[PDB]
Amino acid sequence: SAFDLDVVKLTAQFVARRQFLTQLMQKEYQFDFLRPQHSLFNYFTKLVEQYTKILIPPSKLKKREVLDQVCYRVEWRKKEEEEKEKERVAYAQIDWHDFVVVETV
Amino acid sequence: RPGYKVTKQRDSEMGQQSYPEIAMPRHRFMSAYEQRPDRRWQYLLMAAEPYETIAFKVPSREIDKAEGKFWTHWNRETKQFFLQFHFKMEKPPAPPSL
Amino acid sequence: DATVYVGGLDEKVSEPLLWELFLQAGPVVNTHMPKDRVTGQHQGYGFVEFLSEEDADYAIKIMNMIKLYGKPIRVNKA
Amino acid sequence: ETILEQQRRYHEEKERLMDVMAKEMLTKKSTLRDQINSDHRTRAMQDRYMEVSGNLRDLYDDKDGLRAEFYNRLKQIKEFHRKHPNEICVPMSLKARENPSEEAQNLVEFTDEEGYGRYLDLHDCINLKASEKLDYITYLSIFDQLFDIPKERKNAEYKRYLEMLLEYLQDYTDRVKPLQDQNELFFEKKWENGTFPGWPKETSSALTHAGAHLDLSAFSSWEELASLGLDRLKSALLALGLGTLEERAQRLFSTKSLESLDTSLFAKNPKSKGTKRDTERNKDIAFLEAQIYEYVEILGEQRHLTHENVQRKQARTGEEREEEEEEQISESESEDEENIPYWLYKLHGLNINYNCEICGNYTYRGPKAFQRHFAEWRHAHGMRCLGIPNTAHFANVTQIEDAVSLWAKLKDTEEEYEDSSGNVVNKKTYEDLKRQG
């Protein structure tokens, strides 16, 4: 898959700085991932974004703090399933023929 | 349209004072075709462990039988009927059904 | 694994159709199929010791395909 | 090489690591909590979570199971943070290529190993679930950092230093407990009520060794806290404060071991030949003393915990002390993550010593039994896996060697070419000359 990866990431590199690809398509079935139809397209939208991000702080990162951050990320069902199970059991296990009605609607 | 609503009340800490053993009420629609003579109508049976079962006759073929009320969330509990249209005020011991 | 436990059988089955039956797969070296004395009849569960363990693990894989008197036969390790 | 790709991969790896140590902090909040608590008493500003969270071992709603493992993961997270710091550092420091990417088109290879090998390179947990340690730190072992008597930070082993101390005081009037009583001295006592004269050689040497020990123990037991930060903090406290000792009566003490009336004479004494001499000779010792002081303060809970241990063990019996030691040992060497017919046997020929060589040099007690070995699962496994096929032929000899030559003992047509010389010629050869003809 090295080929696909490389072309995705390259067209993503250039696309990150969007007119060169739209010209390439008309100039030159290799870049079929450009259309949102081709599944890989999605991952493409990722890579570009990522590169777009590298362009953000092109600024140094001077990050205790890392720890605090990982904690906050951490911070950012089973029992229920169990109770439900119990309910299913009991519902399945009671006499629905022990009737004693009062009225009607 | 028109729908039915039932308000069932339970004991006031009178006898339930005497072990997390299944410690909500459950409802089911039963056909009268099976009884311990006559038949031909449905019953909205409601049951709780200690107390005795209760039934309500439903001559109308269909009432309040809604169409995708909530947005398809899947905790079946017991069945679509129970989650769809029941409430169990466990703090006051009041079971509402509609 | 050399031995297996076998459930769900009919007393017309005996130690012989087990002998013959499981050696169809691989030879039963030691057969045990209780005869109950009191009412003189079988409950239908079995224990089988083989030559070594490989016989019996293949036996776990293949083994529970047997059907005794139209009915299902339990085979598990022991 | 397009720097964009490199910087990208860097930010991505950093993300991966943060995510890993965050997953960890998630499964067992103690990892952070523990750490943070200690941090609290070193850098007072630090904000710490609600006590309830700490106790119930929960981060938001779910209370996690209480967990050697805590410490382990803390050291693992330590190396992770090291990697992260490195990457952060290096980081701080089109058609042309797409054409060359066409190189070697014909490779039948599946490539799913960039984010998976990294994600995997830094995740929890062997084949499936045996060792909590990540592939990143697979050769990380705490027992090479903590002794058994320290119990991964539970206690600090001071018996050794009690020995050295006996050697220092040149007597035996000093008991383990009286020695600990001495240690307790360590803001003013260790300075104004010294066990020995602070200008004694043996004493200063001892104090050095001990200080070093306490410090290494400190940072050893709290990997997660920035060591350099703490070091620098202490150093600056040493330089900026430590006429820090003031008395309303005697004035200002100097670690020259003399007091001074007023700050004035104190200052004009810090340039004198005496103080120059002393501060120039006893600097390292004074500083080490100070470190012993502050590090022992930061470890008050461990000091107390150990002293307690001492008194306990001391008040044990023999059996008690033994069983306790057993416990410490087990804790030390345990995985950080848990998953009549007498003449009858002679007559029948049994209970007589015999051996099969091919099977694990195994012993057999009977000749009928060994004769039954010839048809067996394991015996045939040794043969067949050895490359000697299982059949009767070999159902005699035991030694591995001879059956190899026996198995060697176990394991051409003429197609008439047209020149009448090919009557020696093989079938396949003449077919090859069919393809040639």
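Just above, that's the structure.
The sections below set out a description of the structure shown in this document. (Residues numbered from 1 in each chain as written, not as in the entry; some residues may be left out. Chains lettered and ligands numbered in written order. Part of a larger assembly, values for the part shown. Heavy atoms only, no water. Residues with missing side-chain atoms left out of burial classes, pairs and counts.)

As a further point, take the overall build of chain C. From N to C terminus, chain C includes 2 helices and 6 strands. Helices and strands appear in chain C in the N-to-C order β-α-β-β-α-β-β-β. A compact globule built from 78 residues would reach a C-alpha radius of gyration of about 12 Å, and chain C, at 12 Å, matches this within 12%. (Helix = DSSP H or I, 4+ residues; strand = E, 2+ residues; numbered from the N terminus. Rg over C-alpha atoms; globule rule 2.2 N^0.38 Å.)

For the rest of this paragraph, the subject is the overall build of chain D. Helix and strand counts for chain D stand at 21 helices and 4 strands. Radius of gyration (C-alpha) of chain D: 37 Å, far over the 22 Å computed for a compact globule of 437 residues. When the backbone C-alpha atoms are referred to their principal axes, chain D occupies close to 130 × 90 × 55 Å.

Before going further, it helps to examine the packing of helix α4 (residues 65-75) of chain A against helix α1 (residues 3-27) of chain D. As a packed pair, α4(A) and α1(D) sit with axes 8 Å apart at the nearest point and diverge in direction by 65°. Viewed along their axes, α4(A) and α1(D) form a crossing whose handedness is right-handed. Along the contact surface, α4(A) presents A:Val70, A:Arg73 and A:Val74, while α1(D) presents D:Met18, D:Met21, D:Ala22 and D:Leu26. Residue composition of the contact of α4(A) with α1(D), by class: 6 nonpolar, no polar and 1 charged. (Axes fitted to C-alpha atoms, helices over the stretch in contact; angles between N-to-C directions. Left-handed = near helix turned anticlockwise from the far one by under 90°. Contact = heavy atoms within 4.5 Å. Nonpolar A, V, L, I, M, F, W, Y, C, P; charged D, E, K, R; others polar.)

All names here are of chain B. With 6 bridges joining them, strand β2 (residues 26-31) and strand β3 (residues 42-47) adopt antiparallel strand pairing. Bridge assignment links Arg 26 to a residue of β3, and that residue is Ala 47. In terms of strand pairing, β3 meets strand β4 (residues 57-58) through 2 bridges, oriented antiparallel. By the bridge assignment, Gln 42 is partnered in β4 with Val 58. (Pairing = 2+ DSSP bridges.)

Each strand in a sheet pairs with another by means of backbone hydrogen bonds, the pair being arranged parallel or else antiparallel. Spatially, β2-β3-β4 (chain B) is the arrangement adopted by the 3 strands of the open sheet, whose pairing is antiparallel. At either end of the open sheet lies a strand with only one pairing partner, and these are β2 and β4 of chain B.

Right, let's get into the interface of chain A and chain D. Every contact between the two is made by 8 residues of chain A and, on the other side, 9 residues of chain D. Among the residues making up the side of chain A that touches chain D, the classes are represented as 4 nonpolar, 1 polar and 3 charged.

All names here are of chain D. Phi at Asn 361 takes a positive value of approximately 45°, unusual for a residue other than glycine. For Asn 361, the position within the fold is in the loop between β3 (354-355) and β4 (363-364). Although it is not a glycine, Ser 420 adopts a positive phi angle of roughly 65°. Along the chain, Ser 420 turns up in the loop between α20 (402-410) and α21 (427-436).

It is worth spelling out the arrangement of the chains at this point. Contacts are most numerous, across the 3 pairs of chains in contact, for chains A and B. Contact between chain A and chain C is absent, and the minimum C-alpha spacing across the pair is 27 Å. Separated without contact, chain B and chain D have their nearest C-alpha atoms at a distance of 20 Å.

Quick look at the sheet that holds strand β6 (residues 76-77) of chain C now. Residues and elements named next belong to chain C. Sheet architecture is open: 4 strands sit in the order β2-β3-β1-β6, paired in antiparallel fashion. Of all the strands in the sheet, just β2 (30-32) and β6 have a single pairing partner and so form its edges. Sheet topology note: the β2/strand β3 (residues 46-49) ladder contains 3 bridges and is antiparallel. Bridging across to β3, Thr 31 finds its partner in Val 48.

Here we come to the packing of aromatic side chains. Between C:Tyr5 and C:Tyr45, the aromatic rings sit 5.2 Å apart at their centres with planes inclined by 40°, giving tilted as the arrangement. Here C:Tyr5 is found in strand β1 (residues 4-6), whereas its partner C:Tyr45 is found in the loop between β2 and β3, with 40 residues between them in sequence. Between the aromatic rings of D:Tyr364 and D:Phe370, the centroid separation amounts to 5.9 Å while the plane-to-plane angle is 45°, which identifies the pairing as tilted. Through pairs of rings, three or more aromatic residues link up here, namely D:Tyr354, D:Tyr364, D:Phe370 and D:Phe374. (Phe/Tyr/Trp six-rings, centres within 6.5 Å; stacked < 30°, edge-to-face > 60°.)

With that out of the way, let us pick up the side chain of D:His379. For D:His379, the position within the fold is in helix α19 (residues 377-386). In contact with D:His379, not counting residues within four places along its chain, are D:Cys356, D:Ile358, D:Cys359, D:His373 and D:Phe374.

Let us look at the environment of D:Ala380. All names here are of chain D. Here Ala 380 is to be found in helix α19. Residues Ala 380 and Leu 350 lie 30 residues apart in sequence; the distance between their C-alpha atoms is 23 Å. The contact partners of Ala 380, leaving out residues within four places of it in the chain, are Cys 385 and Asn 390.

These results come straight from atomic positions and should not be treated as a statement about function.
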